[PDB]
There are 2 protein chains.
Amino acid sequence: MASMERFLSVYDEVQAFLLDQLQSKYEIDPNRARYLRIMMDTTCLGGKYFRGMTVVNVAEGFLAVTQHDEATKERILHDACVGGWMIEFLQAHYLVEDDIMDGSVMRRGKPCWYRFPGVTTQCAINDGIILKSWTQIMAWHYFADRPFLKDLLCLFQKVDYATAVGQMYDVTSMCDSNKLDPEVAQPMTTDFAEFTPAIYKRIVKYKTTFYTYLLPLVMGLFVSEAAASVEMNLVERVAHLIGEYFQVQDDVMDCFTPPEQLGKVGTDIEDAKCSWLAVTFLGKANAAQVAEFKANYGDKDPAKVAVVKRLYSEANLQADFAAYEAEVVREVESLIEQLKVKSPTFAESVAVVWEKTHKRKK
Amino acid sequence: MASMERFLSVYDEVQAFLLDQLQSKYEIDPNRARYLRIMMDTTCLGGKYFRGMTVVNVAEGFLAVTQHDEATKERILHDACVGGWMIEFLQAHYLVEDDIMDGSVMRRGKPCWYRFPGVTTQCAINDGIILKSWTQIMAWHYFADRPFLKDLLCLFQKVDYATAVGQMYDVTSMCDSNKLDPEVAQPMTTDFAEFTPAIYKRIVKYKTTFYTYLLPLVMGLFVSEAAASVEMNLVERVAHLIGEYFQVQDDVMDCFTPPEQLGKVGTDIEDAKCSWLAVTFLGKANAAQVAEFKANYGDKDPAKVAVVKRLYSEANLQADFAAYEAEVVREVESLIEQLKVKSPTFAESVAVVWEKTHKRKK
Ligand SMILES: O=P(O)(O)C(O)(C[n+]1cccc(F)c1)P(=O)(O)O
Ligand SMILES: O=P(O)(O)C(O)(C[n+]1cccc(F)c1)P(=O)(O)O
Ligand SMILES: C=C(C)CCOP(=O)(O)OP(=O)(O)O
Ligand SMILES: C=C(C)CCOP(=O)(O)OP(=O)(O)O
Ligand SMILES: [Mg+2]
Ligand SMILES: [Mg+2]
Ligand SMILES: [Mg+2]
Ligand SMILES: [Mg+2]
Ligand SMILES: [Mg+2]
Ligand SMILES: [Mg+2]
């Protein structure tokens with residue numbers, strides 16, 4: 001796609017700015033400059049650019065219905081691309097760290113960054129921090145004189161905080177809350193009492209939906225100066241809903257999508273994650289299916305994983321999925337219709353974000 | 001000290017604000033709220049509060065020479081305390097991550113946060129991210145209407161970036177630069193060619209001096225609205241110098257200060273760090289001392305560490321230290337004298353920052 005290529009060309013412009021500044025102001029040597037260029041490419045590139053292109057999309061919609069000079073148009077699109085990369089970089093940050101936390105092997109068809117031989121965990125932790133730090137650097141550089149600066153920084157930060165909180169809910173999702181204590185080593189849950197739709201929903205809300213949908217959508221709004229022309233509560237609701245769905249697909253794919261197609265190797269069963277599979281399964285299983293799940297979940301033994309996977313196929317979960325989706329389709333279209341009242345153009349953009357999410361195969 | 005107690009009472013006010021907001025806006029449960037309260041206390045408290053009290057100090061100086069209402073005075077001091085905690089929290093962030101990276105066991109007389117049984121590395125990585133994220137949260141809350149907001153955020157960010165860059169120079173300080181490559185596992189240096197005063201100085205400049213001295217000093221200036229009444233290049237120079245010295249002491253203590261007094265267990269020899277000890281030693285050793293250093297450095301074997309430590313004692317390094325210090329004393333006092341031209345009050349505060357650093361025993 002031509003538009004994707006234009007968004008990538010701003011990546012080259014950002015990277016070259018970031019690296020020239022390391023050299024001219026942070027006394028970097030060529031090899032450390034090289035390491036961070038490979039780090040940026042391996043961690044920030046190779047994905048779908050969903051979040052980034054979302055901001056471009058939202059901006060493009062408002063441009064098509066609003067009077068601007070040619071140069072202003074080019075500036076808005078360039079801002080949209082820069083904000084998109086802020087988000088793509090903030091995601092790169094969370095991915096680097098999350099891949100350590102989850103004990104993952106593969107990401108975007110390559111070894112997880114921390115698994116690169118010349119990286120290791122200890123460098124990758126700090127490489128992760130650099131990625132987020134790059135987001136603020138590129139913000140202050142690119143947007144210093146922009147009227148939306150304060151708004152964008154305050155939002156960005158809030159979204160970032162929420163992701164980090166969400167990551168905490170996620171990584172402690174297999175511990176009984178009552179047992180959670182920094183001083184005592186957490187034994188995994190035996191009851192699974194906390195594998196509920198309500199609790200699963202709090203996890204995903206925080207760890208996913210803010211950075212994945214809210215941020216890109218509001219960001220495209222800021223760069224167009226169009227945030228006053230929308231009902232913000234609707235934008236928030238639609239973002240959390242679509243974002244939720246996106247995570248359900250992600251959870252399904254962990255288990256049932258071949259790594260050749262996913263570009264990652266699944267670990268939720270092994271990690272004992274509070275995933276949609278586990279929660280939907282515990283929501284319909286009989287007493288003996290539950291007991292067999294309990295005897296096998298959260299263990300790296302390939303034979304126990306196999307048992308958990310066989311349990312999922314048997315429990316006919318893609319019927320629960322089809323209902324779940326049918327329901328999400330209802331509420332999303334409903335929100336889209338509600339969005340048309342103040343902002344038909346924005347509503348279109350949400351329809352396009354939803355079409356692409358709904359249709360994704362990786 | 002009474003002043004320290006007043007600064008801590010703002011910590012209780014910040015913590016209670018942070019935790020009430022987790023509950024009322026992020027749907028936290030009491031036990032996860034409890035975990036993060038212990039996390040904040042264990043990671044943010046128990047230190048010297050040097051960086052935090054520095055901002056209080058700088059503000060206190062300007063207050064003593066400037067006309068303000070009582071309420072304004074109380075607001076400035078409260079801002080100074082909030083900015084101080086931003087920095088203490090940003091340090092807590094770097095410490096949590098750094099302790100993972102360095103394979104450290106003890107910090108402030110307690111197991112390193114990641115070594116708490118109910119923590120582990122994977123939670124501590126994300127606990128670290130939360131700590132930094134808390135800094136921006138408390139900034140936007142406490143300072144939303146303050147004229148210095150943009151200035152403080154832009155500085156903060158720059159200082160944060162520099163720390164992360166510095167951490168990269170530090171953690172890759174035992175690799176030959178030419179060999180550095182994400183795809184190939186780094187073999188430690190055999191030549192030590194890069195253990196130079198110049199290179200050691202670039203490391204410390206970035207990883208230490210910005211967050212440790214520049215940030216607290218400029219921050220106290222911002223909260224007093226007094227940044228126009230100083231020569232900024234002098235503040236920068238004094239900060240990098242004192243900051244450097246501070247890191248030299250830190251490096252000396254790693255090796256020669258009993259963990260009972262340090263509150264940490266040293267790892268630089270084992271980690272093969274480009275420390276002042278190693279660099280000063282390579283700067284004076286004879287051919288056979290160098291060879292014995294090469295055969296023993298960067299290895300966890302207690303007997304090889306012993307050999308490196310014996311080499312340090314023999315090479316009479318506390319003579320090099322005494323010269324190094326005598327020199328730093330010259331240049332610091334020189335800068336202090338230069339600072340008196342525009343800002344005698346600020347110059348006093350720097351003298352007090354220096355006296356306390358110079359005199360520290362942990
Ligand atoms: O399947 P992955 O590992 O790509 C994941 O979606 C990443 N991820 C998602 C949300 C927040 C985050 F920091 C990271 P998950 O949550 O680990 O399943
Ligand atoms: O002796 P430590 O481990 O307290 C140290 O001073 C921490 N520290 C210092 C500077 C930056 C940083 F992120 C962390 P060092 O550098 O590991 O020696
Ligand atoms: C489910 C989430 C939020 C993490 C994976 O994100 P994506 O699947 O969008 O990642 P890339 O295409 O960017 O790899
Ligand atoms: C040398 C540096 C910068 C890290 C240790 O910092 P401090 O020795 O000031 O840490 P605390 O008193 O805050 O533990
Ligand atoms: Mg993951
Ligand atoms: Mg994860
Ligand atoms: Mg997943
Ligand atoms: Mg350390
Ligand atoms: Mg260190
Ligand atoms: Mg040290």
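The sequence lines fix the lettering, A, B, ..., with proteins before strands; numbering per chain opens at 1.
- The ring of B:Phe281 has its center no closer than 6.0 angstrom to the ring center of B:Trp276.
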(message) For a side-chain contact (heavy atoms from CB on, under 4.5 Å) check, start with the C-alpha distance between B:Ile129 and B:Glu97, then their side-chain angles and the critical distance, and finish with the verdict.
(response) CA-CA 9 Å; B:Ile129 297 155; B:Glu97 313 290 13; 4.1 Å; yes
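- Residue B:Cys274 comes nearest to B:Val279 through the heavy atom pair SG-CG2, 3.7 Å, listed as atom of the first residue, atom of the second, then distance.
- No side-chain donor-acceptor contact under 3.5 Å links B:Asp99 to the backbone of B:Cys112.
- Remark: of the listed residues A:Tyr142, A:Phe143, A:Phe222, A:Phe143 is the sole one forming a ring-ring contact (aromatic ring centres under 6.0 Å, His included) with A:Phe148.
- Comment: B:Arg107 engages B:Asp98 in a salt bridge, judged by a side-chain N to carboxylate O separation of less than 4.0 angstrom.
- Across all non-hydrogen atoms, the minimal contact from B:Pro182 to A:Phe116 is O-CB, 3.3 Å.
- Salt bridge absent: A:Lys132 and B:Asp160 never bring a charged side-chain N and a carboxylate O closer than 4.0 Å.
- Using a 4.0 Å cut-off between a side-chain N of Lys or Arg and a carboxylate O of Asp or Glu, B:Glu331 and B:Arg237 do not qualify as a salt bridge.
- Aromatic ring pairs are classed by plane angle as parallel below 30°, tilted from 30° to 60° and perpendicular above 60°; the pair B:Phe293 and B:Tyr297 is parallel.
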(request) Test side-chain hydrogen bond (donor to acceptor under 3.5 Å, both in side chains) on B:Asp127 and B:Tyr114 and set out the steps. (result) CA-CA 9 Å; B:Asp127 288 339; B:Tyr114 83 95; over 6 Å; no
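- A cation-pi arrangement, defined by a distance under 6.0 Å to the six-membered ring centre and an angle within 45 degrees of its axis, is present between B:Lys356 and B:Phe50.
- Cation-pi check for B:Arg360 over B:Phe246 is met; the charged atom lies under 6.0 angstrom from the ring centroid and within 45 degrees of its normal.
- Residues A:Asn126 and B:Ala164 come closest through the heavy atom pair ND2-O, 2.9 Å.
- Note: B:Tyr206 and B:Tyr169 have perpendicular aromatic rings, judged against thresholds of 30 and 60 degrees for the angle between ring planes.
- Note: B:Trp354 and B:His358 have parallel aromatic rings, judged against thresholds of 30 and 60 degrees for the angle between ring planes.
- Using modelled atom types, one side-chain atom of A:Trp85 and one backbone atom of A:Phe7 make a donor-acceptor pair closer than 3.5 Å.
- At least one donor-acceptor pair under 3.5 Å links the side chain of B:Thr189 to the backbone N or O of B:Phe192.
- Annotation for B:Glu327: atom CD counts as buried by contact number, over 12 foreign heavy atoms lying within 6.0 Å.
- Heavy-atom contacts from other residues, nucleotides or ligands closer than 6.0 Å to NZ of B:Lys48 number more than 12.
- Atoms CG and CG, on B:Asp254 and B:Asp271 in that order, are 8.0 Å from each other to the nearest 0.5 Å.
- Pairing each heavy atom of A:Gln136 with each of A:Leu153, the nearest pair is OE1-CD2, 3.7 Å.
- Without hydrogens or angle criteria, B:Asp191 side chain to B:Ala193 main chain gives a donor-acceptor distance under 3.5 Å.
- Pairing each heavy atom of B:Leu339 with each of B:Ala347, the nearest pair is CB-CB, 3.8 Å.
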(request) Quick one: do A:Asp12 and A:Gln15 satisfy side-chain hydrogen bond (donor to acceptor under 3.5 Å, both in side chains)? Show the steps, please. (result) CA-CA 5 Å; A:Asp12 300 334; A:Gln15 170 171 89; over 6 Å; no
(request) For A:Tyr49 and A:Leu8, run side-chain contact (heavy atoms from CB on, under 4.5 Å): C-alpha distance rounded to whole Å, both residues' side-chain angles, the deciding distance at 0.1 Å, then the answer. (result) CA-CA 10 Å; A:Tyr49 316 118; A:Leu8 286 161; 4.0 Å; yes
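- Comment: A:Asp29 engages B:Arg202 in a salt bridge, judged by a side-chain N to carboxylate O separation of less than 4.0 angstrom.
- Scanning all heavy atoms of the two residues, the minimum distance from B:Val238 to B:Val332 falls at CG2-O, 4.4 Å.
- With rounding to the nearest 0.5 Å, the separation of CH2 in A:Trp113 from CG in A:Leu95 is 13.5 Å.
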(request) Would you sort out whether B:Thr357 and B:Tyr213 count as a side-chain hydrogen bond (donor to acceptor under 3.5 Å, both in side chains), showing the intermediate values? (result) CA-CA 11 Å; B:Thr357 301; B:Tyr213 285 96; 2.7 Å; yes
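- The residues B:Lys273 and B:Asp251 are annotated as not salt-bridged, no charged nitrogen and carboxylate oxygen being separated by less than 4.0 angstrom.
- For B:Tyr94, there are no ring-ring contact (aromatic ring centres under 6.0 Å, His included) partners, not counting sequence neighbours.
- Using a 4.5 Å heavy-atom cutoff, the side chains of A:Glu27 and B:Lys205 are in contact.
- Without hydrogens or angle criteria, B:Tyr245 side chain to B:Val329 main chain gives no donor-acceptor distance under 3.5 Å.
- Within the model, atoms CE of A:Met40 and CG of A:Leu36 stand 7.5 Å from one another, a figure rounded to the nearest 0.5 Å.
- A:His141 and A:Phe17 have their aromatic ring centers within a separation under 6.0 angstrom.
- We find the CG-CD distance between B:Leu180 and B:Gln186 to be 5.0 Å, quoted to the nearest 0.5 Å.
- In this structure, the ring of B:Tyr161 has its center less than 6.0 angstrom from the ring center of A:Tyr26.
- A donor-acceptor pair under 3.5 Å is absent between the side-chain atoms of B:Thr280 and the main chain of B:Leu277, judged by distance alone.
- For the residue pair B:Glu194 / B:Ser177, a side-chain donor-acceptor distance below 3.5 Å is found, with atom types taken as modelled.
- Distance check: A:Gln91 CD to A:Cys44 SG gives 9.0 Å after rounding to the nearest 0.5 Å.
- Put simply, the side chain of B:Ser334 never gets that close to the backbone of B:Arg330: no donor and acceptor are under 3.5 Å apart.
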(request) Given side-chain contact (heavy atoms from CB on, under 4.5 Å), test B:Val350 with B:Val235 step by step and report yes or no. (result) CA-CA 9 Å; B:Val350 174; B:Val235 188; over 6 Å; no
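- Of the possible polar contacts, none joining the B:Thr267 side chain to the B:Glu270 backbone as a donor-acceptor pair under 3.5 Å is found.
- Taking CE from B:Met86 and OH from B:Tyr211, the interatomic distance works out to 15.0 Å, rounded to the nearest 0.5 Å.
- A donor-acceptor pair is defined here as one N or O able to donate and one able to accept, closer than 3.5 Å; no such pair exists between the side chain of A:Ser133 and the backbone of A:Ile130.
- Within a 6.0 Å sphere centred on NZ of B:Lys179, heavy atoms belonging to other residues, nucleotides or ligands number 12 at most.
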(request) Would you sort out whether B:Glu231 and B:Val341 count as a side-chain contact (heavy atoms from CB on, under 4.5 Å), showing the intermediate values? (result) CA-CA 9 Å; B:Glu231 251 308 336; B:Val341 177; over 6 Å; no
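- Looking only at distances, a side-chain donor or acceptor of A:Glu88 sits under 3.5 Å from a matching main-chain atom of A:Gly52.
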